Amino acid sequence: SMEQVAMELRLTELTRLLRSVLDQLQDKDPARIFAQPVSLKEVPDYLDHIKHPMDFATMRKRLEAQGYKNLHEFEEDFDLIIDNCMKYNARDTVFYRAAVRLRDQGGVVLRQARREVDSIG
């Protein structure tokens, strides 16, 4: 149908906008602490602690399969990255501190993305 196509065009534009958001968020992690999943070879107990692991590469695979229906789903995944880190790592660690920073700096980008998603429909 013509409708399904219009729908698919919006998802594709949402995907385009979310890709730009994702690159902006990931620039706020210049150390690449959140780039890749936590290694289960190197942290074998990790899933005893964290039930829903997340990272920027895993978000990117989902993004490119157009797997985010709306900004809210994307934000959920970004928040997992931050929240998992803040639980698994103690406060006085480079990792925890890196999450605090990504959260604070990401909020600006996420604020505008919400306005652009509402604005452009």
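Exposure proxy check: 55, 83, 104 ranked by fewest other beta carbons within 10 Å?
104, 83, 55
Who wins for biggest fluctuation among 57, 35, 90 in a Gaussian network model of the chain, springs between alpha carbons below 10 Å?
Of 57, 35, 90, the most mobile in the Gaussian network model is 90.
Ratio of alpha-carbon Rg to the 2.2 N^0.38 Å globular estimate for region 13-121, to two decimals, please.
1.08
What ³J(HN,Hα) values, in whole Hz, does the Karplus curve 6.51 cos²θ - 1.76 cosθ + 1.60 give for region 97-105 when θ = phi - 60°, with x put for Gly and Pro?
Per-residue couplings from phi come out as 5, 5, 5, 4, 5, 4, 4, 5, 6 Hz.
Report the FRET efficiency, 1/(1 + (r/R0)^6), for residue 15 and residue 114, where r is their Cβ-Cβ distance and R0 is 22 Å, rounded to 0.05.
Efficiency for this residue pair is about 0.85.
Mind listing the phi-derived Karplus ³J(HN,Hα) values for region 20-36, rounded to whole Hz, using 6.51, -1.76 and 1.60 with θ = phi - 60°, and x for any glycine or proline?
Each residue's phi maps through the Karplus curve to give 5, 3, 4, 5, 4, 5, 5, 4, 7, 10, x, 6, 6, 4, 9, 4, 10 Hz.
Where in region 1-42 does the label zone of residue 105 land, with the point 7 angstrom along Cα→C-beta and an amide N cut-off under 13 Å?
23-35
Chymotrypsin sites (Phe, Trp or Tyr not before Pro) within region 8-100: which are DSSP loop residues with at most 14 other Cβ atoms inside 10 Å?
none
For region 22-82 and region 92-107, write down the distance between their C-alpha centroids in whole Å.
Value for the Cα centre distance between the two parts: 14 Å.
Can you list the residues of region 11-50 with backbone N under 15 Å from a point 7 Å past the Cα of residue 91, pointing along Cα to Cβ?
Within reach of a label on residue 91: no residues.
Mean residue ellipticity at 222 nm from the helices of the chain, using -39,500 (n - 2.57) per DSSP H segment of n ≥ 4 over the full residue count, to the nearest 500 deg cm²/dmol?
It comes out at -23000 deg cm²/dmol, rounded to the nearest 500.
With ideal geometry, Cβ positions are generated from the backbone for all residues, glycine too; neighbour counts draw on all protein chains shown. Where a number appears in this text, it was derived from the coordinates with a stated rule and is not lab data.
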